[PDB]
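Student: Input: one structure, supplied below.
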Number of protein chains: 4
Amino acid sequence: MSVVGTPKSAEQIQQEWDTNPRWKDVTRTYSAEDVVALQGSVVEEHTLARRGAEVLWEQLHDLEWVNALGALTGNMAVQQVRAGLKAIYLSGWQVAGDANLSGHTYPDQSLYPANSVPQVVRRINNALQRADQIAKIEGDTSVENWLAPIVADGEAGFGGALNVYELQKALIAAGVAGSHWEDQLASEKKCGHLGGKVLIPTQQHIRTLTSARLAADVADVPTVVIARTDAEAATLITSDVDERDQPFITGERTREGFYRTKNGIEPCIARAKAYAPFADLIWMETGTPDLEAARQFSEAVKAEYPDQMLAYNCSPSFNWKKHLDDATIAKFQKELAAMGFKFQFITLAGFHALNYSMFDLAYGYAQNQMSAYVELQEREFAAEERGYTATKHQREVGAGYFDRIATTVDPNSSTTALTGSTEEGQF
Amino acid sequence: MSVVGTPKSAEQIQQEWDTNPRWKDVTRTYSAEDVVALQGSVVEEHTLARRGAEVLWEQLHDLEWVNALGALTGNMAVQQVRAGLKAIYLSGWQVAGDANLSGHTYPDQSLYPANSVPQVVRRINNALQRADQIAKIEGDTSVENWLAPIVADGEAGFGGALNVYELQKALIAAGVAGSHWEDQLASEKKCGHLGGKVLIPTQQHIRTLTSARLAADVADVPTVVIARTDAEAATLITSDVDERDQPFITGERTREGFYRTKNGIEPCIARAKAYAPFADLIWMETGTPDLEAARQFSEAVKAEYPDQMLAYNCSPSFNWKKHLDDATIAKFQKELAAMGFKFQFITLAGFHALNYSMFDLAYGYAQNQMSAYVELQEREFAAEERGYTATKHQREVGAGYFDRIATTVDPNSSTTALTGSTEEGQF
Amino acid sequence: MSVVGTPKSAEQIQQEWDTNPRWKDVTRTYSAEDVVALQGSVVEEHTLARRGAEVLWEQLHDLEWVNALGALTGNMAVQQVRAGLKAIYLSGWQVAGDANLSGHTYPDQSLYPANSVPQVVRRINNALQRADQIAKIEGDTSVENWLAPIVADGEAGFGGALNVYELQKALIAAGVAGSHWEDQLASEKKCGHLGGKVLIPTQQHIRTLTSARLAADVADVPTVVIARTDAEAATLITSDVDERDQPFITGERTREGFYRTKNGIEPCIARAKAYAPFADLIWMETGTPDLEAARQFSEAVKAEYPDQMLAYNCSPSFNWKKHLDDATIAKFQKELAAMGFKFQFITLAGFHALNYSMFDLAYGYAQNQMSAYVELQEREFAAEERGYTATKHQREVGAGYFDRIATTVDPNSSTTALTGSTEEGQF
Amino acid sequence: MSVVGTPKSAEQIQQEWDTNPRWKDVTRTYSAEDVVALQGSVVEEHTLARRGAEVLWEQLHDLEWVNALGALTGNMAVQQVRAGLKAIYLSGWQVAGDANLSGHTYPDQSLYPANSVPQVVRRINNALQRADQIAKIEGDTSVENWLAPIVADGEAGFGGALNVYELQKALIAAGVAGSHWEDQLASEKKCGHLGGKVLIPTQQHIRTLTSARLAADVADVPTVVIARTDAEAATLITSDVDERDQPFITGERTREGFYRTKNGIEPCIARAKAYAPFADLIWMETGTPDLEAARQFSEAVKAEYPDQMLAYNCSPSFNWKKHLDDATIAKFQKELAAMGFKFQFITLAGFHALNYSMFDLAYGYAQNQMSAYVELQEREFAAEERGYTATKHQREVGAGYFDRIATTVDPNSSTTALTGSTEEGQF
Ligand SMILES: [Mg+2]
Ligand SMILES: [Mg+2]
Ligand SMILES: [Mg+2]
Ligand SMILES: [Mg+2]
Ligand SMILES: [Mg+2]
C-alpha cells in the first residue's frame, strides 16, 4: 500500500471549512463526514483545478473586475492570455455550435454529449501549458501566468443531481476554475436569449448547486460555483410544488403539463436570494444590456447579502448599438463592476471572431486570391508591436519546444525542425 | 441474407476501369479480382466520399482552377463555402496545432493520433450538411453546393502501407473527396517548410500511392489521390536501395543510418515522374513562392505526362512581401493555373485567421471592453451585404432547423427556440 | 452539383408508406412532405442500418422467435454470431457498467455521454465486418450472415424529443437495425429492475416514439422501433396532464412535485395499447419471470392489436432459481414465442460472462499460476469441434486479412505476419 | 499568481538521482537542468501514476515475483484484483483486437490510434477507483489495495523519439505505473510471436528508452521503464549502422532495403546488456516456453548486471501442452522467479477469457436458451464463497454508491435506486 493521495480526515476538512476565509459565506447541508465517505482510499490531486480556482477567487477580490471572452479552441485561449486577458470563458453555446463530441453543429439546447465541455476545458489547459512551456525556453516573461483560470458552462446539468455531479467532477478532472449552473429543465434547455425556456422549482436548483459543491469537495478542490437564473424571460415552469415559486404561477397550463409563470426581475431577485448561500457568484440573464436593470438586481440581492458577488453576460445575442450609444457602451463594464458584477464575459466572442474572420478572408480570396491573404499576414506582422507572436506559426505551436525535447534525448539528432526552416530564414 | 450493399463483380469493376475517363491515366498494379477478395460480403456506400470525389474531379477539369483555404473547424468550412469557395482544404499542420484527438498543441510532425484528420473530415461534412439543411428550410438558394469537396492531409501515412490503407479508409468513411500523401519517413515527418526532413525511397512512396488507391477501390469510391514530394529541401533519405534515388546519394551516412542526398528541383522532377502514373495530382514543396521554379517543374513533368494536373501550396510559411511585389502577388494563382496547377491552397489559412482575429479582439477588449466587441459586431452587420449571415448566430447554428424538427414531432410545442428570442426581436 | 444521394420526392415516400407492407400497421402523425423538408440537398446512404433493419424485420416474421445476448465488445458479438445467433442485443446497462465514453463505471441511470451506445453499435458492426472479411478469405461459408442485426438501448433518449432524434440518427449512422425507447423521465432514468422509477405522460412517450420514427424516415431507413413501458413497478409520474394516465394517479405528491401512481399490469396494458400504433414491438418490464403474467399482457394487447409483435427481457436481475424450476426454465422462451414475444434477449449476459470468466481465471492464476491458464487453453482446443476459432487468435483478429492487403500492394513484401508465426508452427 | 505546482529545482532533482535507491543503476544521458527546462511554470501532479509506480517498485522487491493477466476492460481489471492479483497488465495486442479508438478489429501491428492504450489505462484506473469507493461504503476490507499498479504496452512508440515521449506522457496522465518498449521498426511492428519482424539499431532503442525516462522525469513520476528485445526471431534490421549490430549482419538485403541479420539468443543477450543501464526490467521474446533458454538468457545478463530484474511473457501464442508437462507448467512461474523474472504476465488472458466464455454461452443459448444462461448464473452463485461479488450486479457497478451521493445531496430524495430493487429483494 501507500500514503500517496491518502484522504484527509473529516475533522481536518471541518477545520478547513471553519478556518479558511474562502468558506465564509458558504452553506453545506451535508457533513464533512459525508464527503470523506465518498472519497475511497485515494484522492487524486487536481493541480490545474486547484490552482485555477484559487487564482480566480483572489482575482475576483483583488481586481476591480474580471472580464473574459468565450474561447472554443486552445489557440483562442492562448491569444486571449497573450493579449492581456486574465481569465477564460468556456461557452456551452460555442461547444454546441462548433466544438462538441458528436461532431455535429447544434443550437444551444443541451443536445451534445455531456462530456463535451470537460474535453474543451482540458484542451484549453493543454494549449496554455504549451504556451507556458514555449515561453520558458524562449525567456519570454511577457505573461506572468499562462494558466489563466477557466470558468465553464455546466448548462442545466444534463439531467438530475447525479448528472450534475458527474459533470462537475469531469470539469474538475480537466482543470476548471469555475462552473455555472442554470435553473432550467435539462430536457428543454435553451440559451438564455432563446425563447421556449422552462424553469425548474427553486429547491431543485438548490439541489443542483449543492451537487456541484459536493463534487468539488469530494475532489478536494475549491471550485468556484456560479448560479444562474433564467426567470427574467422564462414563461414556463415544470411544477408549482415550491412555495417560493407559487407567487408567480398563473394557474394556466400548456398541453405538455407546464405551468405558465409571470417572468421578470421579481422572480429573478427572489431566486437569487434563495441561491445566495449556495453560490459563489450569482447571474441573472436579461433581455437587454441595461445598467439600471442590473443596478436594480444588484441592490436588492446585496440588501440581503452584502458580500454576494455577481456575474454579468455581455451577450452577443444583444444588438448593442440598437439599445446603447457609444458612450454607455464604453462605460458598461466599469459601471457594472461598481455594482458588484465582478465576473463579466462575452459568451459568443469566439464564435463571432472565427466566423467573421474566416468569412472576410475567404471572400477576398475568392475575388483576389493571394492579395487577400497577404493583407492578413501584413496585419499580423504589424500586430507584433502589440505582442502578437503567431506570425511565426512553427514556434507558436511548439516546434522549438519539441526540438529541445529531441536534443535532450540526443544532442546530435539529425532530424530537428527549426534549423533550416523557412521560418528561420524568412521571418 | 440481402442484396443491400452486395459487392460488384471483378468484371463490373474492370469495365469501370477500362471505360471510365476518370481512370484514363491511372495505373493499378493489382487486379480487379484482388479488390473483390478484400470486400467480404457487404460494401458500405460512402455517399459523401463518392459525391465529393466526383464533384472535385469535374471542378478540376471545368474550372480555370480550384482554390481552397485550410479549415480546422466546421464553422470555418461553412464560412468558406458561404463566401464562394468551391472546395475545402484540411490541413494536417492545423490539426496538429489546434484540432487533434490528443487534445494537445503539436508542431507538424505526425505526433497526434492517426484518426484525427478523419474526425475533422467528418466534422466538416457535418457542418456543411447543417448549413445545407438550414438553407433548404430558409429558401436560401445563394449557395449552389454546400457539400464542397474536402481535400485532406494523409501526411506520411503514420507508418507503412497498412497504416496508409487504414487512414485512407477512415478518410473515405468520413466523406473525404481527395487525400495527399508525402514521400517522408513517418517517424520523422515534418511540415514541408520545416528542416530535418527524411525521404523514403521512390518505390516505397509508389507503394503508398498504391495502398491509398487500393483502399479507395475496396471502399468503391473514385477518391482523388495526390502525391507530394519533399525532395526540394530534404537532405536525408532512409536508404539507397532504389536506383532512381542513387544519383543524388552522396555516400555519407548519419548516426541514425540515414543517407545524405542532394536536394533540389532535380530529384523532385524525377520523383514526380515516377509518381505520375499513381497520382491524380502531383505537388512539390518548395522554399519560396516562385513562378519560374513552378514553371520549371510544370514544364518538365508535362513534357513526359501532358495531361498531368499539379497542385501548389501557397504557404503562410512564406514571407510573401519579402519575396514578391504586390503586382506579382495579385497574379500569382492565375499564373500558376496557366502552368497546370489546378488545385491551389493556403494550408494554414485557418490558424492565422483564427489566431489573429482573437488576438486583435482580446487586445481591444482588454483596453476598451465592450467598445472593442461592438466594433466587431458592427463589422459583422456591415458584412451582410457581402453575404455574411453569422451575425444571427442562433439560426446560423440551426435553431430554426431544430425548431422545425420540434414542430414536425409536435406542432403544438410550447418550447420552440426562435419565437421570442432576442435574435428575433433585435436583429 | 451531382446526382449522388439526391432526396426522393414526397410523392415517392408516400407511395412507399402506402404500398410497402412494412408500414401496414404504422401511424405517422407528420407528413411525407415534412420528411423531405428536413433532408437538405443530399441524403447519406446508411448501408448497414438499412440491411440490418430489413434483415431483422424478415427474421421477426420467419423464425419462431429471434433471441440475442447483450454484447458490450465487438469480439463478444463476433462470438455470439459464430455460435449461431442471429441478432445482437446492445444493453445500455452494460455500456454504463463497462463500455461508455466517460471511461467511468456507472449504474444504469443515463449517466454516461449520449453518443456511447452509437459508438458500440459502430464497434460491433466493425467487428462483424472483419469476421466477414476473414471468412471470405479463408473460404469459410460456415456462418451465412456475419452482419447480424443489432438492436440497441435508446434509454429514455437523454432528454427531450430532440435528444431522442439525435440518438436515433447516431444509432442509424452507426448501422443499428432497431432501437428501444422507454417511458421514463430521463433525468431520473433507471434500469427497469431498479427502484425509484418515474414515468412520463403517455403522450410524451408517443412524442418520443414519433421522434425516433421521424429520424429514421429522414435518414431514409426502415429501422425497427421498439416501445418499452416501465409502468409495472414505477410508482411515480412527472405530471397528471394526460387523461389516459389520470385513472392511475392517486392524488398524492412528493416533495419534488412528482405524482404517486398505481403501478401494475393494468397501466402497462393501457400504455402498450396507446404505444401500439407507434411501435414495431412492445415490451413491458416485469419484476419476475412469469409465463402467466406474460400471457395476460400478451392477450390484452393482441385483443386490440392482433398482429402486434412483442419483446421480452429475460433479465439476469431476476434470481432465476428463487422463482422457477429447471423444466420451465428450459421451455420459457419457446412458450413466450407462442404468445407473440418475437424478440427475446438477456440484457446483462456479456457483463456476467466477462466478469465471471475473468474472476475464475484470475482466482486460479493467483493460487496455481500457469496451470490455471493452460486449462482455459485446453477448453478452447476442445471447443474447436463446436466451431470455435479464437484459439488461433492471430487469424481471428485479421492477421491473414491484413497479409492479403499487404501482398496486394506488394506481393514481394518481406514483412508479412502469419508466415513464420508461432500460430503457423504450433497450431 | 500561484505557487501550486511549482517545479523542483535542478539541485533537488539532482539530489534525488544521487541518493534515492530507486535510481541506483539508472543512467540518464541528459541533465537535471535539461528536465527543468522542459517543465514550464507548472507541473501537474499525477497521483495515480506516482502511487502505482511507487507501489509497483516495492512489490517487485518485497514479493517473490509479481504476476499479472492482460486486461482490456475496466470490469476485467476489477475481477483480477478481487481474485487476489497484485498487478494489471495492459496488452497492446488486446487493444488492437477489441479495444482501440478506431473502433476496428486489428492484428498487432501498431495500426490503432496512438492514444488508445492511455485511454484503457484511464478506464482501468476509473474502474478500480469505483470498486475502491464501493468497498469503502460497504465496509469490505478484503482487498487491501484496489489501485493495483498498471503495466502498459508502449509497443514501438508509434514513430520516433517524440512519439515515444508523447505516449509515455499520455500513459502517466492516465495513471500508468510501468510501461514497456520494444526494439522494432514501428512502421512494421508485429506482436513478438508473429513473423516479418524488423529490428531497429541498438542505439535507436536506447534513444527510445531515454525518451521514455525523460517523459517520466519531466512529469516528475518514478515510472517503471521496461525494455523488450525482439532479436530472437527477427531476421531483419533497418540498418547496419550500429557496430554492436554488425556481427549479426549477413550482408543479404531485401527489395525494401532492410538488412538480413542472424536471429537467436545471442543478439538478445547483447541487446539486453546494452539496454540494461536504461531499463528497470528487461524482457526477451521467445519462440517456446522453455525454462532452459530463460536460464541461459538470465545468467548471461546478471553476470554483468547482478541487480537487473527481468520480465517474462507467459504467452497464449505458445501451445502450452505441446511443449511442457503438467509438472513443469505448474512450477514454471516459480522457477522463472528464481532466475530473476520478478514480472511475469499472460498477454492475451482477457482476449481468450472473453472470447471463449461468450462462445460457450452463446452456443448453449442457441440450442437450449434459458437453460444455458442459468448454468452460468449458478456458477456465479457458487463463487460467492471464493469472494465473487458480481452476481449482485447493481451494487457491483455503483448503484449503492450513487444512492449515497443522492442521499447526501438530498436525504429526502424519493428516487434512489437500490430501495425497491429486485436486487434488494431477490438477492
Ligand atoms: Mg450556455
Ligand atoms: Mg453566496
Ligand atoms: Mg500538412
Ligand atoms: Mg437499459
Ligand atoms: Mg503487444
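Labels used: A, B, ... for chains in the order of the C-alpha cells, numbers from 1 for residues in each chain, and numbers from 1 for ligands as shown.
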Excluding residue A:355 and any residue of its chain fewer than 3 positions from it, enumerate the residues within 7 Å of it, using only C-alpha atoms, and give them as a list in words.
Tutor: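 Non-adjacent residues within range: residues 351, 352, 358 and 359 of chain A; 75, 76, 79 and 390 of chain B.
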Student: Could you take the residues named above and write them with C-alpha atoms, as a short mmCIF file (atom, residue, chain, number, x, y, z; two decimals), in the first residue's frame?
Tutor:
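again_34.cif, freshly written:
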```
data_model
loop_
_atom_site.label_atom_id
_atom_site.label_comp_id
_atom_site.auth_asym_id
_atom_site.auth_seq_id
_atom_site.Cartn_x
_atom_site.Cartn_y
_atom_site.Cartn_z
CA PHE A 351 -17.88 32.12 -32.50
CA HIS A 352 -18.11 35.59 -33.97
CA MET A 358 -12.83 33.40 -41.98
CA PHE A 359 -15.73 34.88 -43.97
CA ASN B 75 -17.85 26.68 -38.99
CA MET B 76 -14.69 27.72 -40.91
CA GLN B 79 -17.88 30.46 -44.00
CA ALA B 390 -23.50 34.51 -38.80
#
```
Student: Can you pull out the residues contacting residue C:182? Cut-off 10 Å, using only C-alpha atoms, and skip same-chain residues under 6 positions away; I want them as a list in words.
Tutor: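 Once the nearby chain positions are removed, what remains is residues 153, 154, 155, 156, 157, 189, 192, 199, 200, 205, 208, 209, 226, 227, 228, 229, 230, 231, 283, 284 and 285 of chain C.
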Student: Keeping only C-alpha atoms, write the selected residues to a file as an mmCIF file, in the first residue's frame.
Tutor:
```
data_model
loop_
_atom_site.group_PDB
_atom_site.id
_atom_site.type_symbol
_atom_site.label_atom_id
_atom_site.label_comp_id
_atom_site.auth_asym_id
_atom_site.auth_seq_id
_atom_site.Cartn_x
_atom_site.Cartn_y
_atom_site.Cartn_z
ATOM 1 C CA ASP C 153 -30.841 0.536 -25.999
ATOM 2 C CA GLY C 154 -32.083 4.116 -26.576
ATOM 3 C CA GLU C 155 -32.825 4.511 -22.879
ATOM 4 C CA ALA C 156 -35.107 7.477 -22.276
ATOM 5 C CA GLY C 157 -33.476 9.428 -25.109
ATOM 6 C CA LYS C 189 -33.853 7.078 -15.647
ATOM 7 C CA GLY C 192 -36.177 -1.476 -15.058
ATOM 8 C CA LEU C 199 -42.906 7.664 -15.562
ATOM 9 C CA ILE C 200 -43.553 10.303 -18.176
ATOM 10 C CA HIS C 205 -43.758 8.774 -24.862
ATOM 11 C CA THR C 208 -40.559 10.024 -28.293
ATOM 12 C CA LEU C 209 -41.702 7.144 -30.487
ATOM 13 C CA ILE C 226 -39.404 -0.702 -30.019
ATOM 14 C CA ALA C 227 -41.616 0.737 -27.259
ATOM 15 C CA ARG C 228 -40.925 -0.170 -23.634
ATOM 16 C CA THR C 229 -43.137 0.638 -20.654
ATOM 17 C CA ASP C 230 -41.859 0.817 -17.087
ATOM 18 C CA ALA C 231 -45.344 1.024 -15.566
ATOM 19 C CA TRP C 283 -42.051 -4.604 -24.275
ATOM 20 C CA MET C 284 -43.282 -4.466 -20.708
ATOM 21 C CA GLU C 285 -40.618 -4.543 -17.996
#
```
Student: Quick one: superpose chain B on chain C on all Cα atoms, same order, and give the RMSD.
Tutor: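 Here the C-alpha RMSD works out to 0.2 Å.
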Student: Looking at D:314, D:405, D:370, D:90, which one is nearest to chain A, with distances taken over only C-alpha atoms?
Tutor: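 Looking at the shortest contact to chain A, the residue is D:405.
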Student: As a ChimeraX atom specification, please: the residues near stretch 362-365 of chain B (cut-off 7 Å, only C-alpha atoms, same-chain neighbours under 6 positions excluded).
Tutor: /A:80,83-85 /B:372-373
Student: Residues at most 7 Å from ligand 3, using only C-alpha atoms and all ligand atoms? Could they come as a list in words?
Tutor: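 The distance check yields residues 91, 92, 93, 108, 153, 155 and 191 of chain B.
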Student: So that I have them on file, write out the residues from the current selection with C-alpha atoms, as an mmCIF file, in the first residue's frame.
Tutor:
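File out_3.cif, as written:
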```cif
data_model
loop_
_atom_site.group_PDB
_atom_site.id
_atom_site.type_symbol
_atom_site.label_atom_id
_atom_site.label_comp_id
_atom_site.auth_asym_id
_atom_site.auth_seq_id
_atom_site.Cartn_x
_atom_site.Cartn_y
_atom_site.Cartn_z
ATOM 1 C CA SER B 91 -4.502 20.782 -43.127
ATOM 2 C CA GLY B 92 -2.591 18.253 -41.037
ATOM 3 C CA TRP B 93 -0.477 21.096 -39.631
ATOM 4 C CA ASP B 108 3.678 19.348 -37.627
ATOM 5 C CA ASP B 153 -3.775 15.657 -45.460
ATOM 6 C CA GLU B 155 0.709 13.074 -44.195
ATOM 7 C CA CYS B 191 5.857 20.209 -42.292
#
```
Student: With only C-alpha atoms as the counted atoms, please give the residues lying no more than 7 Å from residue A:65, apart from itself and same-chain residues fewer than 4 positions off, as a list in words.
Tutor: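 Selected residues are residues 60, 337, 342 and 343 of chain A.
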Student: Fewer than 6 positions away in the same chain doesn't count, so skip those; otherwise give me all residues within 7 Å of residue A:77, counting only C-alpha atoms, as a ChimeraX atom specification.
Tutor: /A:71,88,124
Student: Provide as a count of residues only the residues of chain A at most 9 Å from chain C, counting only C-alpha atoms.
Tutor: 35
Student: DSSP says alpha helix (DSSP H) for which residues of stretch 287-384 of chain A? Put them as number ranges by chain?
Tutor: A: 291-304, 320-323, 326-338, 349-368, 370-383
Student: Enumerate the residues of stretch 254-310 of chain D with a DSSP assignment of strand (DSSP E or B), computed from the backbone, and present them as an mmCIF file with N, CA, C and O atoms, in the first residue's frame.
Tutor:
```cif
data_model
loop_
_atom_site.group_PDB
_atom_site.id
_atom_site.type_symbol
_atom_site.label_atom_id
_atom_site.label_comp_id
_atom_site.auth_asym_id
_atom_site.auth_seq_id
_atom_site.Cartn_x
_atom_site.Cartn_y
_atom_site.Cartn_z
ATOM 1 N N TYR D 259 18.190 -5.034 -43.871
ATOM 2 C CA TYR D 259 19.376 -5.885 -43.795
ATOM 3 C C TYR D 259 18.996 -7.198 -43.141
ATOM 4 O O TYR D 259 18.253 -7.222 -42.154
ATOM 5 N N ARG D 260 19.488 -8.293 -43.712
ATOM 6 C CA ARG D 260 19.306 -9.609 -43.120
ATOM 7 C C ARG D 260 20.231 -9.708 -41.916
ATOM 8 O O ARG D 260 21.385 -9.273 -41.971
ATOM 9 N N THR D 261 19.724 -10.257 -40.819
ATOM 10 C CA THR D 261 20.536 -10.414 -39.620
ATOM 11 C C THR D 261 20.302 -11.800 -39.038
ATOM 12 O O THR D 261 19.231 -12.377 -39.243
ATOM 13 N N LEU D 281 13.483 -3.089 -15.987
ATOM 14 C CA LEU D 281 13.321 -4.516 -16.238
ATOM 15 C C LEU D 281 13.633 -4.817 -17.692
ATOM 16 O O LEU D 281 13.434 -3.970 -18.568
ATOM 17 N N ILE D 282 14.126 -6.024 -17.950
ATOM 18 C CA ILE D 282 14.453 -6.432 -19.302
ATOM 19 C C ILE D 282 13.656 -7.681 -19.661
ATOM 20 O O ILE D 282 13.424 -8.544 -18.812
ATOM 21 N N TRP D 283 13.241 -7.761 -20.924
ATOM 22 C CA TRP D 283 12.307 -8.779 -21.389
ATOM 23 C C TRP D 283 12.751 -9.251 -22.766
ATOM 24 O O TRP D 283 13.049 -8.446 -23.654
ATOM 25 N N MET D 284 12.803 -10.565 -22.936
ATOM 26 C CA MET D 284 13.245 -11.154 -24.192
ATOM 27 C C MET D 284 12.133 -12.042 -24.745
ATOM 28 O O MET D 284 11.634 -12.917 -24.040
ATOM 29 N N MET D 309 16.619 -6.733 -12.753
ATOM 30 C CA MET D 309 15.403 -7.545 -12.774
ATOM 31 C C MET D 309 14.950 -7.849 -14.197
ATOM 32 O O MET D 309 15.283 -7.127 -15.151
ATOM 33 N N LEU D 310 14.182 -8.923 -14.339
ATOM 34 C CA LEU D 310 13.736 -9.354 -15.656
ATOM 35 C C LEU D 310 12.225 -9.584 -15.691
ATOM 36 O O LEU D 310 11.569 -9.670 -14.651
#
```
Student: Please list as number ranges by chain every residue within 8 Å of residue A:105, counting only C-alpha atoms and excluding residues in the same chain fewer than 6 positions away.
Tutor: A: 96-98; B: 74, 126-127, 130, 397-398
Student: Can you pull out the residues contacting stretch 316-318 of chain D? Cut-off 9 Å, using only C-alpha atoms, and skip same-chain residues under 2 positions away; I want them as number ranges by chain.
Tutor: C: 373-374, 377, 391-394, 421-423, 426-427; D: 193-194, 287-289, 314, 320-323, 346-349, 352
Student: For the atom pair atom CA of residue B:214 and atom CA of residue C:144, what is the interatomic distance in Å to one decimal place?
Tutor: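 Atom-to-atom, atom CA of residue B:214 to atom CA of residue C:144, that is 27.0 Å.
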Student: Taking only C-alpha atoms into account, which of A:46, A:61, A:123, A:8 comes nearest residue A:22?
Tutor: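 Among the listed residues, A:61 lies closest to residue A:22.
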